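The structure appears below as C-alpha cells.
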Amino acid sequence: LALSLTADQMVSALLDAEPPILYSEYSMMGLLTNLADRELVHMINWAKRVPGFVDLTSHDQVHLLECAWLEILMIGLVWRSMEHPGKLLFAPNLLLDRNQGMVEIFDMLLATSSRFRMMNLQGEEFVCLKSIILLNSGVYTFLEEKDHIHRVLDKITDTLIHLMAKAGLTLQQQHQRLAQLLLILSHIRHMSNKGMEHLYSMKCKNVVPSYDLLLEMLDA
Amino acid sequence: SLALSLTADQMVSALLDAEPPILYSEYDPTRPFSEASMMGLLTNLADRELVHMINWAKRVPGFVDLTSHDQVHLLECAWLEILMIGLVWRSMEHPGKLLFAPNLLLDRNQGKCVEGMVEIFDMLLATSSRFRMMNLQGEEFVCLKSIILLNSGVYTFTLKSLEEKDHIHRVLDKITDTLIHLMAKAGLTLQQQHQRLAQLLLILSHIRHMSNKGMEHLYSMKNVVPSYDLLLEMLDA
Ligand SMILES: O=S(=O)([C@H]1C[C@H]2O[C@@H]1C(c1ccc(O)cc1)=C2c1ccc(O)cc1)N1CCc2ccccc21
Ligand SMILES: O=S(=O)([C@H]1C[C@H]2O[C@@H]1C(c1ccc(O)cc1)=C2c1ccc(O)cc1)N1CCc2ccccc21
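Chains as they are written, first to last, in the authors' numbering: chain B, 306 to 331, 341 to 415, 421 to 461, 469 to 546; chain A, 305 to 461, 465 to 528, 531 to 546.
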C-alpha cells in the first residue's frame, strides 16, 4: 500500500501526521526534558502514520525509533528556528540565543537552520526528510524487512523529485538539491551524537528512551 | 580555480588517479592479540594511512582552493570516516571479515578483543554488505570518499567564509553531477539514477555514525587522534 502511493499522496499523508508545535510548560534542562518528553508521545503517533512504518514488526519499529529519536527532535527544532536567525525556537515561549547556550552543539544547530534558510527549504520537503531519518537511521543495524524499508525510502526519493519537478526545477537542479538535502542528514546524525554524548556528560543518561519504553509506547 | 570547470569524465579520472596506496600491517605480530596489541596495530596502520590521505586530499579537485585552516578543519572532521569507507571498500569481497590490510583480515569475533569494538565491527560489516548488495562501483566509491572530505566539516566552519562555503557546495554539486553522469552512462533510467544517488548518500549518514562512535572511543583512551598541528604540518610538507 505504501508502495502504491503517488508523490502527492505521500506528501499529503506526512503533512497530516505532522505533530503540533508544543509550548514549554511554565531550570533550562528541566524545561527541555519536559518538552522532549511531550514531543516523544507525539513522535510515536507520527511514526505510526509514516507510510510503510506499521508494516514492520514491532521490534523493528522500536529499533528505528531508538536510533532516530534525537535526530527527529533536532530536525524539528531546526525547522522551527529557520525564520529566527541566530536563535533556536525550542518552543514559541522558549526561544534561545547563543549566550544562553553546549554552545558547540548550539552553533551546529544554528548552522543547519541557516542552511535550510539558504536553500529555501519547503514544508513538504521537510516532512519527507524527517521520514527518511526515521526509516534510514537504524536500517543498517538490524531480510524482507530491510528490503521493504529500502523500497519505502525509494518512494520518498521519488516524492522529493516530483515536488521539485512541479516547482519547476530542471533535471540537473533536481538531482543537485536531492543530494544537498540528503547530505545535511549526515550533519543531523553528527549533532544527534554530539547531543547524546552531552546528555551522558551531564549526569542525564536516564532521559534517553529505552528499547522497552518505546516498545510499550508503540503498543499503547 | 578551475576545479569547477572539470567535466564529469575529467572529475572521475582525477579522483581515480588520486587514490592512495594499499598499506600493510606489521608483518609478524604476536598472535593471538591482546586488547593493547590489537589497538597498537590498528593505530600504527591508521597513522601511516593518514600521511597518504593528506596526499590524496590535496588532489581532490577544489580542496587546495581553500585556506590551509579550512583544509585542516575538513580533515579533522573526516579522517576517521575516510579510513572507514576505505576499509569497507577493501572488505566488500570478504563477507563476514574486515580487510584492514592484505596481511590483516579480521573476522567479527576478533573485534571482541577490544571492549566496544565488536559493535562497530558489526556496523562496518553491515556497510560492506550494503555496498555488495548495491554493487558499488569504484568510480562511485571515489566520488563518495570525496563527498565525505568536503561535506563532513562544511557545517562547522566574513565574506570570505561564505565564499569558501559556497565554493564547497559548488564542488559538491559537481561531484553529484559526476555520480549521476556515471549512472546515466551505465544505462540506468532517470528514476533509477535518482534512487541510487539517494541510496549512496544515505549510507554516508551511517558512516558518520560509525566515525562518531569510534572517535568517542579514541578520545576516551595516548593522544591517538591526530592534532590540528600535525595535520597542518603534513599539509604544508
Ligand atoms: O543536550 S543538548 O544536545 C539538547 C538539545 C537537543 O539535544 C538535547 C535535547 C534533549 C533531549 C531530551 C531531553 O530529555 C532533554 C534534552 C535536544 C532537543 C532538541 C529538540 C527538541 O525539540 C527538544 C530537545 N544541548 C545543546 C544545546 C543545549 C542547550 C540547553 C540544554 C542542552 C543543550
Ligand atoms: O572505531 S573502532 O571500532 C577501530 C577499528 C577501525 O575503527 C578503529 C580503528 C582505529 C583507528 C585509529 C586508531 O588510532 C586506532 C584504531 C579502525 C581503522 C579503520 C580503518 C583503517 O584503515 C584503519 C583503522 N575503535 C576506535 C578505538 C576503539 C576502542 C574500543 C572499541 C572500538 C574502537
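Where a beta carbon is used, it is the ideal one built from N, C-alpha and C, also for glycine.
Going straight from the alpha carbon of residue i to that of residue j, what length do you get?
i	j	result
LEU384 (chain A)	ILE475 (chain A)	20 Å
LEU466 (chain A)	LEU541 (chain A)	24 Å
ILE487 (chain B)	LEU504 (chain B)	7 Å
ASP480 (chain B)	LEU408 (chain B)	37 Å
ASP484 (chain A)	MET388 (chain B)	29 Å
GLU471 (chain B)	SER372 (chain B)	11 Å
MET396 (chain A)	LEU495 (chain A)	23 Å
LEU544 (chain A)	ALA361 (chain B)	46 Å
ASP538 (chain B)	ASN519 (chain B)	21 Å
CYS381 (chain A)	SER456 (chain A)	6 Å
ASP332 (chain A)	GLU339 (chain A)	17 Å
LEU497 (chain B)	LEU508 (chain A)	18 Å
residue 258 (chain A)	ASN413 (chain B)	This structure leaves residue 258 (chain A) out entirely; chain A is present only between 305 and 546.
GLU330 (chain B)	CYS530 (chain B)	20 Å
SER468 (chain A)	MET437 (chain B)	15 Å
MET528 (chain A)	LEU440 (chain A)	34 Å
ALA546 (chain B)	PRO325 (chain B)	20 Å
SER305 (chain A)	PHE461 (chain A)	21 Å
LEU310 (chain A)	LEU345 (chain B)	52 Å
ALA493 (chain A)	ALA493 (chain B)	29 Å
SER536 (chain A)	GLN314 (chain A)	33 Å
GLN506 (chain B)	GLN506 (chain A)	14 Å
Pull up the DSSP beta-bridge partners for residue i, would you.
i	result
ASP411 (chain B)	B:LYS401
Can you list, in chain order, the residues of its chain with a C-beta nearer than 6 Å to that of residue i? Leave out the 5 residues immediately preceding and following it.
i	result
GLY366 (chain A)	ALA307 and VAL478
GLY415 (chain A)	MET421, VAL422 and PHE425
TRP393 (chain A)	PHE445
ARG363 (chain A)	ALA322
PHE337 (chain A)	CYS417
Along the alpha helix (DSSP H) that carries residue i, what are the first and last residues, could you check?
i	result
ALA546 (chain B)	That residue, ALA546 (chain B), is in no alpha helix (DSSP H); it is neither H nor E in DSSP.
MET427 (chain A)	421-438
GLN441 (chain B)	Looking at the DSSP string, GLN441 (chain B) is not in any alpha helix (DSSP H), and its letter there is neither H nor E.
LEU327 (chain A)	Premise fails: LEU327 (chain A) is in no alpha helix (DSSP H) and is neither H nor E.
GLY390 (chain B)	372-394
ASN359 (chain A)	339-362
residue 611 (chain B)	Because chain B is modelled from 306 through 546, residue 611 (chain B) falls outside the range shown and cannot be assessed.
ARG477 (chain A)	466-493
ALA312 (chain B)	312-321
Which same chain residues end up closer than 8 Å to residue i when comparing Cβ atoms and leaving out the 5 residues on each side of it in sequence?
i	result
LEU327 (chain B)	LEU349, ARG352, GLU353, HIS356 and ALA405
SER433 (chain A)	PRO399
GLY521 (chain B)	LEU384, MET388 and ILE424
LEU370 (chain B)	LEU378, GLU471, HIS474 and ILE475
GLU323 (chain A)	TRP360 and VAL446
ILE386 (chain B)	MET357, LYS449, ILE452 and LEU453
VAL316 (chain B)	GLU443, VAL446, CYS447, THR485 and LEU489
Spatial neighbours of residue i within its chain, please: C-beta separation below 7 Å, excluding the five flanking residues on both sides.
i	result
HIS524 (chain A)	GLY420
residue 261 (chain B)	Beyond the ends of chain B as shown, which are 306 and 546, falls residue 261 (chain B); an answer cannot be given.
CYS447 (chain B)	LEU319, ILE482, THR485 and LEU486
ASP411 (chain B)	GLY400 and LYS401
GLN375 (chain A)	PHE367 and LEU544
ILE510 (chain A)	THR431 and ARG434
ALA312 (chain B)	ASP484, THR485, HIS488 and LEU489
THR334 (chain A)	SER341
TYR526 (chain A)	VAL534
So, under 8 Å CB-CB, residue i and residue j are touching, yes? Tell me the CB distance rounded to an integer number of Å.
i	j	result
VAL533 (chain B)	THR347 (chain B)	6 Å
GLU423 (chain A)	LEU489 (chain A)	With 8 Å as the limit, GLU423 (chain A) and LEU489 (chain A) do not qualify as a contact, their Cβ atoms being about 33 Å apart.
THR431 (chain A)	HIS516 (chain A)	Contact flag wrong, Cβ pair sits at about 10 Å.
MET342 (chain A)	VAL418 (chain A)	6 Å
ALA491 (chain B)	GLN500 (chain B)	6 Å
Please tell me whether, using a cut-off of 7 Å, the distance from the CB of residue i to the nearest non-hydrogen atom of ligand 3 is below it.
i	result
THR347 (chain B)	Only ligand 1 and ligand 2 can be found as ligands here, which leaves ligand 3 out of the picture.
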